[PDB]
Amino acid sequence: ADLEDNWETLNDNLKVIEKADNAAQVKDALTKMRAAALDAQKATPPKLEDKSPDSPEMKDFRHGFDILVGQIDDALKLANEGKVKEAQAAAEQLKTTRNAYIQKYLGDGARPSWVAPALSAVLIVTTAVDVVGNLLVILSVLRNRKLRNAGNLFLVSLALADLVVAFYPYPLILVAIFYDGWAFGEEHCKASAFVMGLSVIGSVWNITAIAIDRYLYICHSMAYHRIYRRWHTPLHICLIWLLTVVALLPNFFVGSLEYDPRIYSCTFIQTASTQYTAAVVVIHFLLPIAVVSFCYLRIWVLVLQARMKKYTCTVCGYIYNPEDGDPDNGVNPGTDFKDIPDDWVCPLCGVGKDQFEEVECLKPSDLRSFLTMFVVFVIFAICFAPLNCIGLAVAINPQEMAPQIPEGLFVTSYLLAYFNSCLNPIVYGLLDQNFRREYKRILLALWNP
Ligand SMILES: COc1ccc2[nH]c(-c3ccccc3)c(CCNC(C)=O)c2c1
Ligand SMILES: [Zn+2]
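Residues numbered from 1 in each chain as written, not as in the entry; some residues may be left out. Chains lettered and ligands numbered in written order. Heavy atoms only, no water. Residues with missing side-chain atoms left out of burial classes, pairs and counts.

**Some words on the packing of helix α7 (residues 154-167) against helix α8 (residues 169-178)**
No. 1: Between α7 and α8, whose axes approach to 3 Å, the crossing angle comes to 35 degrees. In this structure, α7 contributes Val-164, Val-165, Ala-166 and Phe-167 to the contact, and α8 contributes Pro-169, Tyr-170 and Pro-171. (Axes fitted to C-alpha atoms, helices over the stretch in contact; angles between N-to-C directions. Helix = DSSP H or I, 4+ residues; strand = E, 2+ residues; numbered from the N terminus. Contact = heavy atoms within 4.5 Å.)

So, in structure tokens, the structure goes:
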């Protein structure tokens, strides 16, 4: 067997021990691994091919295998008794020595010189804007009670999803770029990949919940007010987060959370299971994007057909808000102006709906800031559209499509996916006037006194 062929067989057998049930499955994997390590010892590496067989740098590689086999014979000693958990622990101790000391020989992967300075700058810029911007969002909702009650309790949950990724996986990846390889343990590796899972999948379901909320508030407005929103939204936020944790659990059994050297980050691997990725691409992207598209399609058609919009009085300047109605004159909140019977008059000057003009040009802050929440979704769609397309190609047939997918395109796709984590408070400030005011209000508060 070749040195390159034996290296691949030694790695996939190490993954078998993690997904193993019986100690016999562990013992079968370690016997296959011990024999593969011995055949690899009597083979010359391609990097140090010009080096002497008894060179001080080649003899050091020979001792590395003896220290690796040394870890295998201790691991099968535990497995022969019956202890699976005790043998899987020694198997990871061998996995750490195989990626740190045996990594000197060979290196099939050749990453371009641009994937390191871009990844680092992008993560620095993302982490910096994320920690400040998304913190201001948390602070603005906690202080202002008007915004908080206007269905923007989900924004705190969406901001927390964005914030957690900047505090734990992003700084470790930045260390992994500068140290060239995952400098942290296997424990921190799978955890970082899991934290990112919550942050991405949890954000999709936070956006959907917002789209359904803004769908039920604009369309079927009267039916909405009949349904309580007091204890309902903290329950919905709790539910979508527990739904995310459930959807992320098959990664632990399949073994899809591993270090990807192409993007220097420990993330989810698309080639680990074509069945699981199919669900991640369809059930956790294509399907929720489609239902959100249906939600905002019904809102934009109402704005286009000039449905519930503000109506200003051409006599006393009374602005009729469909979100408020005219409850004292019998017009319950949620009623459209086109639905109030002709006998209705202005509750200030007493002039009929005949002499009433509509407020042309919709503000982005209007209808629980539907235009701002729409942009948020469109931005999320653009950011995660290429990666889900790459995962879709692998889910169909990775025997020919996976090696054909360029490494450059993968990094470019992953760069957008990370950048999304800081973009949300930027669109809040640019489009929502109330958010813009609150951003200045927090900044001027701690800056002056
Ligand atoms: C449920 O399994 C997990 C588990 C962990 C995951 N981490 C990421 C991810 C994190 C940051 C930037 C881009 C992707 C995905 C999303 C990866 N999706 C695709 C289609 O490749 C992910 C999925
Ligand atoms: Zn009037």
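Still to come is the rest of the account.
**Remarks on the sheet that holds strand β4 (residues 319-320)**
No. 1: One open sheet holds the three strands; their spatial order is β4-β3-β5, and the pairing between them is antiparallel. Unpaired on one side and paired on the other, β4 and β5 (356-358) mark the two borders of the sheet.
No. 2: With three bridges joining them, strand β3 (residues 311-313) and β5 adopt antiparallel strand pairing. Across the sheet, residue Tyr-311 finds its bridge partner in β5, namely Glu-358. (Pairing = 2+ DSSP bridges.)

**Some words on the packing of aromatic side chains**
No. 1: Measuring from centroid to centroid gives 5.9 Å for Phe-337 and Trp-344, while their planes differ by 85 degrees, and the two rings are edge-to-face.
No. 2: Put simply, the rings of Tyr-311, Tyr-318, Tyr-320, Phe-337, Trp-344 and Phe-356 touch in pairs and so form one group of aromatic residues.
No. 3: The ring of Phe-410 carries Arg-262 above its face, with NZ or CZ at 3.7 Å from the centroid. (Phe/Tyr/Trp six-rings, centres within 6.5 Å; stacked < 30°, edge-to-face > 60°. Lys NZ or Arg CZ within 6 Å of the ring centre and 35° of its normal.)

**Considerations on the domain arrangement of the protein**
No. 1: Here the domain parsing of the protein yields domain 1 (3-101) and domain 2 (302-358).
No. 2: A C-alpha centroid distance of 77 Å is found between domain 1 and domain 2. (Domains from an automatic or database assignment.)

**Quick look at the UniProt feature "transmembrane region" in the protein**
No. 1: Mapped onto the present numbering, the UniProt feature "transmembrane region" falls on residues 119-139, 153-173, 192-212, 232-252, 277-297, 374-394 and 408-428.
No. 2: The annotated region residues 119-139 carries 100% helix and 0% strand content, and the separation between its end C-alpha atoms amounts to 30 Å. (UniProt positions renumbered as here; feature names shortened; annotations may be inferred.)

**Observations concerning the UniProt feature "disulfide bond" in the protein**
No. 1: Of the UniProt disulfides, the one joining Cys-189 and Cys-266 is satisfied here, as the sulfur distance of 2.0 Å falls under 2.5 Å. Here the residue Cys-189 occupies a position in helix α9 (residues 186-218), and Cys-266 occupies one in strand β2 (residues 265-268), the gap between them amounting to 77 residues. (Disulfide = S-S within 2.5 Å.)

**Quick word on the pairing of β2**
No. 1: Across four bridges, strand β1 (residues 257-260) lies against β2 in antiparallel orientation. If you follow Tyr-259 over to β2, its bridge partner there is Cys-266.
No. 2: The antiparallel hairpin formed by β1 and β2 contains four residues in its connecting segment, where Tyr-264 sits at a positive phi of about 55 degrees.

**Quick word on the state of the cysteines**
No. 1: Residue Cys-189 pairs covalently with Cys-266 via a disulfide, S to S 2.0 Å. The disulfide joining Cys-189 to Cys-266 has a torsion of about 110 degrees about its S-S bond and is therefore right-handed.

**Thoughts on unusual backbone geometry**
No. 1: Positioned with a positive phi, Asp-180 is a non-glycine residue whose angle comes to about 50 degrees.
No. 2: Position of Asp-180 among the secondary structure elements: in the loop between α8 and α9.
No. 3: For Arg-368, which is not a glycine, the phi torsion comes out positive at approximately 55 degrees.

**Things to note about the side chain of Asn-134**
No. 1: In this structure, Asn-134 sits in helix α5 (residues 115-143).
No. 2: One polar contact links the side chain of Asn-134 to the main-chain carbonyl oxygen of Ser-421, over a distance of 3.4 Å.
No. 3: Dropping the residues within four chain positions of it, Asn-134 is found in contact with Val-129, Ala-159, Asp-162, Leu-163, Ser-421, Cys-422 and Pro-425. (Polar contact = N/O pair within 3.5 Å; in protein donor to acceptor, adjacent residues only side chain to side chain.)

**Some details on the packing of helix α16 (residues 407-431) against helix α17 (residues 433-447)**
No. 1: The N-to-C vectors of α16 and α17 enclose an angle of 105 degrees; their axes lie 5 Å apart at closest approach. With respect to each other, α16 and α17 are oriented roughly perpendicular. Here α16 contributes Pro-425, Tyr-428, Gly-429, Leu-430 and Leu-431 to the contact with α17, which in turn contributes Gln-433, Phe-435, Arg-436 and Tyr-439.
No. 2: Taken together, the residues of the contact of α16 with α17 break down into six nonpolar, two polar and one charged. (Parallel < 35°, antiparallel > 145°, perpendicular 65-115°, else oblique. Nonpolar A, V, L, I, M, F, W, Y, C, P; charged D, E, K, R; others polar.)

**Notes on the environment of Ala-37**
No. 1: Positionally, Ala-37 belongs in helix α2 (residues 23-41).
No. 2: In contact with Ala-37, other than residues within four places in its own chain, are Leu-10, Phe-65 and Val-69.

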